[PDB]
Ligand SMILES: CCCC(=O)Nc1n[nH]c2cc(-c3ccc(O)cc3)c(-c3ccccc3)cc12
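Only one chain comes next, encoded as structure tokens, the form deposited without the ligand.
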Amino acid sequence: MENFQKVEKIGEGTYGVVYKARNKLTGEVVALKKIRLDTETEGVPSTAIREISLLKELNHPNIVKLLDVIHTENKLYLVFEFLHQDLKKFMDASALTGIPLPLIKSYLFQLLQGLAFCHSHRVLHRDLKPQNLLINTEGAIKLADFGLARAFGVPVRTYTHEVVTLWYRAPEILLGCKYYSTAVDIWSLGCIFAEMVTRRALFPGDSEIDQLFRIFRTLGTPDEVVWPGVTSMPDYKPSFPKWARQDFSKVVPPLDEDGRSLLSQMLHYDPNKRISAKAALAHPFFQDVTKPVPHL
């Protein structure tokens, strides 16, 4: 800790403030996530236990690198590689102009590789939203904030009451499914894809029921043909309005026939048929992908 000079605060994401800091000896700029130990009521919080244990196994160019954990009596310090900003802020500032298509494809391609790497190491992220996606000035993008991530060596049981974001939540979870699967990550990612493309959140719901109905209204209301099982899901009702599957051309105008095709595969209703991150990397949409750098 003596070696670090706090430069400025860059805020929070689940638990404890985040600072930009420089190593006074090597000169590296790092991001310090600092956690207060309530050493008399809770201990090390479970967000930290998970993010540290999980992120220590994952070493990949599209997953934020955990450099060191500095482990004192009263404080835990997490030291990460520094990254200039998140995609959420970027989309706010690229708003009105849009994010250039080609950077969209680069971003998605890189996210898919990070995801694919998590999922092949039995790690679920579970909380993919743009504020968790960190970009630098060289055009890279990385999965961050593994506070909620879980190992799925055994299947992961769903929180009856989700502290786990609304807009990017999969329909199987909204319909009271009882396990997560890698499909929930793919769903978030597809929403975030349409968000970059159209410039606003695909399904910005206001409760769980509003979420479903916003999804149902765009993708059409599921039945047993599209989604074998739906009608026997704890939170399903025979009374749900029956909407029609809107044309994807209308949902994501700026996108070509291949984008639309991939997008719709990442948003299949049936978790069993939803495209995996491995398979998505093979998609024709990625044929001309390059590595442009943002105007940041």
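The first residue of the shown sequence is 1; numbering continues from there. Take the two forms, find the largest set of C-alpha atoms that superpose within 1.5 Å, and that set is the rigid core.
One more form of this protein, deposited with the ligand bound, exists but is not displayed; see below.
For this chain, the superposed copy of the ligand, brought over from its placement in the entry with it bound, has 3 or more atoms within 2.4 Å of the backbone and C-beta atoms, so the pocket is blocked. Contact between residue 31 and the ligand in the entry with it bound is found at the 4.5 Å heavy atom cutoff. Taking the partner from elsewhere, residue 64 is found to have a heavy atom lying within 4.5 Å of the ligand in the entry with it bound. With a 4.5 Å cutoff on heavy atoms, residue 18 counts as touching the ligand in the entry with it bound.
Shown alone here, residue 94 lies farther than 4.5 Å from the ligand in the entry with it bound, counting heavy atoms only. When the ligand is considered in the entry with it bound, only one residue from 109, 193, 203, 82 comes within 4.5 Å through any heavy atom, namely 82.
Out of the listed residues 104, 148, 189, 174, 148 is the one that sits within 4.5 Å of the ligand in the entry with it bound by at least one heavy atom. For the partner-free chain shown, 131, 132, 134 of 123-137 come within 4.5 angstroms of the ligand in the entry with it bound, judged by any non-hydrogen atom. Comparing the forms between the shown form and the other one on their rigid core, the Cα displacement of residue 253 stays under 2 Å. Relative to the superposed rigid core, the position of the CA of residue 92 differs between the shown form and the other one by less than 2 Å. The two forms, fitted on the rigid core, differ between the shown form and the other one by 2 Å or more at the CA of residue 72.
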